[PDB]
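[1] Could you work out the structure for the sequence below:
(one chain, ligands or ions: 1)
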Amino acid sequence: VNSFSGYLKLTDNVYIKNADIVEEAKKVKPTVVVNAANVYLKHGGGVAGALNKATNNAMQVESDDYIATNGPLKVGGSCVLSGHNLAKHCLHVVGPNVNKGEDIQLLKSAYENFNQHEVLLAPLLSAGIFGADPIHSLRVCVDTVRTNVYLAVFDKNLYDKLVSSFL
Ligand SMILES: O=C(O)[C@H]1CN(c2ncnc3[nH]c4cc(F)ccc4c23)CCC12CCC2
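    Residues are numbered from 1 along each chain as shown. Structure as follows:
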């Protein structure tokens, strides 16, 4: 039993809710919140900008030190950093950005990072400003992640479309 509430169950291990991931994180304080990161951990907009803003820019300060030490992530890769006031940990995961021409096959590799964590609160990778089809992202999620994932979908219209079209 965990503290996630109001989710629709899609599969044995994937759950979904129309929610603001920032507000959801603030209330649940999950062990892991996933950020829709880029390879530079520049949290300017989308989910990343919202999560970073909610940390009063502490996520960005920590991220800049991480990059200065380690260099950029790989597309499809991840790193674990602090969850600040939102979660114990933040798993920064880089899905491919279609608006940069990145290979969508890397979306499966991106979701594989979730399997290193027993339970996660997450957005749909490569959705939103990353330009991928969220229905495709949900399919890859379900077919790749084996651990327990609670997906927060900000847009109510998209949430309804994702549920109604789910196979
Ligand atoms: O979920 C969606 O409907 C959109 C938007 N996003 C998010 N997903 C969950 N929580 C969110 N909180 C946010 C606060 C913001 F300022 C901006 C975006 C998000 C956000 C990221 C892109 C997507 C996920 C599927 C396409």
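
[2] Verify the stated contact: residue 153 with residue 124.
    Yes. Residue 153 is within contact range of residue 124, at 6.7 Å (criterion: C-beta atoms under 8 Å). Where C-beta positions appear, they are placed from N, C-alpha and C, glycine not excepted.

[3] how about stretch 94-110, does it get close to the ligand?
    No. Using C-beta under 6 Å from any ligand atom, stretch 94-110 never reaches the ligand; the gap is at least 10.0 Å.

[4] what's the span of that stretch from first residue to last?
    End-to-end distance for stretch 94-110, by C-alpha to C-alpha, to the nearest Å: 6 Å.

[5] ok, now how distant is residue 73 from residue 93?
    9 Å (C-beta to C-beta, to the nearest Å).

[6] Tell me how many other residues surround whichever residue of the chain sits closest to the ligand.
    Here the chain gets closest to the ligand at one residue, residue 128, 2.1 Å apart by C-beta to the nearest ligand atom. When neighbours are defined as other C-beta atoms under 10 Å, residue 128 has 20 of them.

[7] so what's the nearest residue to it once chain neighbours are set aside up against?
    Closest residue to residue 128 apart from its sequence neighbours, by C-beta to C-beta, 6 or more residues apart in numbering: residue 46 at 4.9 Å. By C-beta atoms under 8 Å, 6 or more residues apart in numbering, the residues touching residue 46 are 36, 128, 129, 130.

[8] Can you work out which residues contact both of residue 73 and residue 93?
    residue 37.

[9] What parts of the chain come near the ligand?
    Residues of the chain lying near the ligand (C-beta under 6 Å from any ligand atom): 20-22, 36, 46-47, 50, 123-124, 127-128, 134, 152-155, 158.
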